[PDB]
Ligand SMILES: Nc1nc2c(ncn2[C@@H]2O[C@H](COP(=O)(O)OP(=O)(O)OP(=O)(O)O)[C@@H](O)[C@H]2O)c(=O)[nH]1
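Listed next as structure tokens is one chain, alone, in the form solved without the named molecule.
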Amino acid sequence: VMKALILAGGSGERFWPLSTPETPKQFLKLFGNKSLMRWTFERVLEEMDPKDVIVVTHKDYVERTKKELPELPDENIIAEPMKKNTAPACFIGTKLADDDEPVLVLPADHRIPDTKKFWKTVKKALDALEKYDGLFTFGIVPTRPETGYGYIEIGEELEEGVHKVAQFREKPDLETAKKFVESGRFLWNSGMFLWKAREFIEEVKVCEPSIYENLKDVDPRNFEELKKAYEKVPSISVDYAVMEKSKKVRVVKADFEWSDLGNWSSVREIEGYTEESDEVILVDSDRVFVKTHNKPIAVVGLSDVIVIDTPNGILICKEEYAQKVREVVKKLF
């Protein structure tokens, strides 16, 4: 018995001009002519019947989620009355589970190309969960001194590849980041989780009563009932809400390619820089990421720049400012 909980609340904001307010990150077909969420759903379906998968997302997103995931029973989609981040989503998704049922929590907007190593790692976490209880996160083995991700400090070892979490650390300085990688004592917080339903519910009661009392006996499908609760409930990631507080947090080492797809630079990391070609002309310009639409694009005198041309517009972004594409969406709409 196992439940999968897909959290799908993102913003394509950093993916303008490809993303539109009407199309959040989760529906973007960045790879292979399928959305991030679809890939994620298919990843899960490798080892699970869809009866045990749950999507927690806004109502605006619900209908297109049905057309994206025809296999998913309409009941298993769970409409949210407002964006209050992952912690409340996690909570209402977890209540569908039975007390001693494992709940695997997954963002809809990440990329994990090896579906088998993913399940190898999840099986390992399931076995560990049964041996030690507590709340489990997945730490990705860093392959570069990445400043864009948050980190998990390895603690005491229970078993090979399963550790207590000594500490969480947010985006570090490049030197600090380089020390984290060289050390081998830090992992990337993948944003993925695994816990037994009952244990998480109880853990929130101490960490964030705010969340527990208001959602305690609210039926998550009853749209109206959940609105009042949500009006009462704060905005706060479960990372901040529970994980940063509990004394029973473990990490499982994940040996697989993973990305949060944070911004356009993240896509470049996966794809590599763009090749000079008949639609991309480069003169004294290196390390450029260019997605063309229907006309040639020439970049002259500029290095480390992202250029995206879609019908919604054209973006031209120095690479390190790829997080500030959000501001474009703020100013534009």
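Start at 1 with the first residue shown and count on from there.
As the entry records it, the average C-alpha temperature factor is higher for 54 to 62, out of 54 to 62 and 290 to 298.
Higher average CA B factor: 230 to 238, of the stretches 249 to 257 and 230 to 238.
In the deposited coordinates, the residue among 129, 165, 140, 79 with the greatest CA B-factor is 79. Considering 114, 109, 219, 101 together, the PDB entry gives 219 the largest C-alpha B factor. Per the deposited record, the Cα B-factor of residue 262 falls in the lowest third when ranked against the other modelled residues of its chain. Placement of the Cα temperature factor of residue 124 within the chain: lowest third of the modelled residues, per the deposited record. Per the PDB record, residue ranking by Cα B-factor puts residue 151 in the middle third of the chain. Per the deposited record, the Cα B-factor of residue 93 falls in the middle third when ranked against the other modelled residues of its chain. The entry lists a Cα temperature factor for residue 43 that places it in the lowest third of the chain's modelled residues.
Below, we refer to the form solved in complex with the named molecule, which is not included among the displayed structures.
The stretch among 155 to 163, 100 to 108, 121 to 129, 209 to 217 whose residues place heavy atoms within 4.5 Å of the named molecule in the bound PDB entry is 100 to 108.
The named molecule in the bound PDB entry is not approached by residue 94, whose heavy atoms all lie more than 4.5 angstroms from it. Under a 4.5 angstroms non-hydrogen atom cutoff, the named molecule in the bound PDB entry lacks residue 53 among its neighbouring residues. Mapping the unseen interface onto this chain, residue 26 counts among the residues with a heavy atom inside 4.5 Å of the named molecule in the bound PDB entry.
Remark: residue 254 does not count among the residues lining the named molecule in the bound PDB entry, judged by a heavy atom distance of 4.5 Å or less. Of the residues in 7 to 21, those that come within 4.5 Å of the named molecule in the bound PDB entry through at least one heavy atom are, in sequence order, 7, 8, 9, 10, 11, 12, 13, 14.
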